[PDB]
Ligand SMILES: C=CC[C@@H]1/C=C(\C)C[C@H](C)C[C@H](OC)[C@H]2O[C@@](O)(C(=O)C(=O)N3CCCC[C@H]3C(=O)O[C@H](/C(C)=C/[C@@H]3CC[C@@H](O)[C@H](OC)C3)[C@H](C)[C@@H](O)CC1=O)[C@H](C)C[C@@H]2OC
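For reference, the chain that follows is the form deposited without the ligand, supplied as structure tokens.
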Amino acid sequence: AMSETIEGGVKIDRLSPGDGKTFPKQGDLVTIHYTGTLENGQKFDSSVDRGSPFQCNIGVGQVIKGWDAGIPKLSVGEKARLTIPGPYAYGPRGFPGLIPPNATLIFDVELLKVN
């Protein structure tokens, strides 16, 4: 149960452990189940509610910076909270009506798989 502050002011809180050995590296495909929330409790996205996970390549700019920085510090199976500041998330614009300008996003993510 580390808490870790990393590039971007991104905070990783470890909720439940992974294998402690299998971590994603740049380029790796990662399969994630997540839930995204605003600082005010408002939920804004959830792969769990959709019944199917999210896949992406990591550290190639295909997801928010906070995930490129954050996901690779998790081990397979690990469940963690990422607290990602605006610049590492949707930025100074956000998506108006959904995500406020420069909003801090809280993600509860579980790394399910690395390839």
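One-based numbering along the sequence shown.
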query: Stretch with the greater mean C-alpha B-factor as recorded in the entry, comparing 56-64 against 75-83; finding: 56-64
query: Residue, from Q26, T31, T37, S47, that the PDB entry assigns the highest Cα B-factor; finding: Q26
query: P17 - which third its CA temperature factor falls in, relative to the rest of the chain; finding: middle
query: Chain third (lowest, middle, highest) by recorded CA B-factor, residue given as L98; finding: highest
query: Position of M2 among the chain's modelled residues by C-alpha B-factor, lowest, middle or highest third; finding: highest
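As for the form deposited with the ligand bound, it is not shown, yet the points below apply to it.
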query	finding
Touches the ligand in the entry with it bound: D45 (any heavy atom, 4.5 Å)	yes
Heavy atom of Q62 within 4.5 Å of the ligand in the entry with it bound	yes
The ligand contact at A80 in the entry with it bound, heavy atom, 4.5 Å	no
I99 within 4.5 Å of the ligand in the entry with it bound, heavy atoms	yes
Residues in 80-115 with any heavy atom within 4.5 Å of the ligand in the entry with it bound	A89, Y90, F95, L98, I99, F107
